[PDB]
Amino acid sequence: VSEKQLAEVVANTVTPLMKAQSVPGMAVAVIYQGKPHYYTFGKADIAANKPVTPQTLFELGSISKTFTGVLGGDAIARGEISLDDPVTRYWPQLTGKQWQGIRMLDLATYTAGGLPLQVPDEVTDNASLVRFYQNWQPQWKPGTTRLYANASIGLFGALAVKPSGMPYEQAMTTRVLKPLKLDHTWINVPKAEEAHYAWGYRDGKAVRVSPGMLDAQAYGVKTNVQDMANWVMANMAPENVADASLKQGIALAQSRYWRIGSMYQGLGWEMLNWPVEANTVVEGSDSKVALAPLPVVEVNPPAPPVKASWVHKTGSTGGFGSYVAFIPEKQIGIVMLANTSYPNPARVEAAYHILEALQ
């Protein structure tokens, strides 16, 4: 098992990291041999001398974007939605001529034409919301340029549940979390659960996520390390998913619809072929790349899930930092939850270390 050496990789990699970056509390999950190994460090709340714990809730950030893609995927599975219906079909109010050739896949994959990163703070209700989209002007034409945006995949998820009849929080729970037994994952932490909610730490000061349009769909979800480990396992070895639609939903989200040179876009998920050079992955996670308008080459039809990929996603909030990755061919993957926001390339460096040590 190398459980003794494996629990040594953990220590020897995150401890110099926590102090190198002033990290208060961290929680790690490794899935080596289909068995999750949790390791907890630092404090959840130093103000109250609370340490970190497997039940401890961290903010997931845009890693929530993965739930969206499967929420949306399981939905395609039921044949409620299709990856090519015009957006216009599930929300005919958008009457702007500019919206014409935009599909659901576009919104699902930052492909629509330059939809903003952040939804305007100015935007506070459905009418100002429809205004914004209706006024919006793409710089590029659909299916040509990929620019990572909340405004793109949020609305996708928002509409993606429409034919269900149940609001996002509902569907998301009823169709994904419960079946997968993710009984401590939260869009809205219960009062009874709040005790498990930690604090994020910014300019010395302590903060948490704050409400805003399409948040749930973009950075809502809050959960503990245990559930993150189960989440990962269901995505890596999906065959074991009891429910049919979900299983396919997991399929579809890891399929590949566009190519952005070295990487491949999926629903929520991001994938590089395995094996892949660390510098490649790490480099591409720097914000001078990740938030960049980059041309895109399409796969038609969308290649189905390839075993030998690096599928992953970074995620951040005001005071939180998270990161997940896992090579599905080689039964392993890791989970790093931190109550702080620190440089993406730093998260993915450390992972690689610990991960390629499992080989």
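From 1 onward, residues are counted along the sequence shown.
In this entry, the higher average B-factor at the C-alpha atoms falls on 5-13, of the pair 5-13 and 345-353. Averaged over Cα atoms, the B-factor as recorded in the entry is higher for 196-204 than for the other of 130-138 and 196-204. Taking only the listed residues 57, 46, 60, 292, the entry reports the highest CA temperature factor at 46. Taking the PDB entry at face value, the top CA B factor among 64, 53, 317, 309 belongs to 53. When the modelled residues of the chain are ordered by C-alpha B-factor, residue 36 sits in the highest third. For residue 178, the recorded CA B-factor ranks within the middle third of the chain. Only modelled residues enter the ranking. In this PDB entry, the Cα temperature factor of residue 157 sits in the bottom third of its chain's modelled residues, the lowest group. Ranked against the other modelled residues of its chain, the C-alpha B-factor of residue 121 as given in the entry falls in the highest third. Ranked within its chain, residue 167 lands in the middle third, by CA B factor from the PDB record.
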